[PDB]
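Some notes on the structure that comes next.
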């Protein structure tokens, strides 16, 4: 797997962000994690939804460099969103969210599951620390 550079356009919510990637504007969905939503008509703002979005936004807005990491499977979902691991100054946004109790590890789908163990360890620790979603 290899990291590629990208530029923040807009953070949309905790797990969806609009980037500039290879000269084009593109929406990315964070691989392997599910944050609570602030969007949905049936839903509204779920618990920790706003927390999760502000975390993603701040982390990316304050970075010196952002990189995207594609996994080994398909790279776009049925909605046209890129599927990736996002890094802010070398720190994986996807893991940070999970380590802080702001996201659950998603239903995983082979072969897009390279960082699955890693995230699952941070999730267990977050649960143990009873953080946010785990409180």
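By the numbers in Swiss-Prot, the shown part of chain A spans 89-223.
According to its header, the structure was obtained by X-ray crystallography, 2.0 Å.
Backbone N, Cα and C atoms are what each Cβ position is placed from, and that goes for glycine too.
Binding of Ca(2+) is annotated in Swiss-Prot for 122, 123; the matching candidate from 103, 159 at the same site is 103. Through the fold, the compositional bias 'Basic and acidic residues' (203-219) approaches residues 119-121, 159, 173, 180, 182-183, 186-189, 192-193, 196 of its own chain, all at least 6 residues removed from its boundaries and within a Cβ separation under 8 Å. Each of the recorded positions 103, 122, 125 was scored by the number of other CB atoms within 10 Å of its CB, and the largest score is that of 103. According to DSSP, the compositional bias 'Basic and acidic residues' (203-219) comprises 13 helix, 0 strand, 4 coil.
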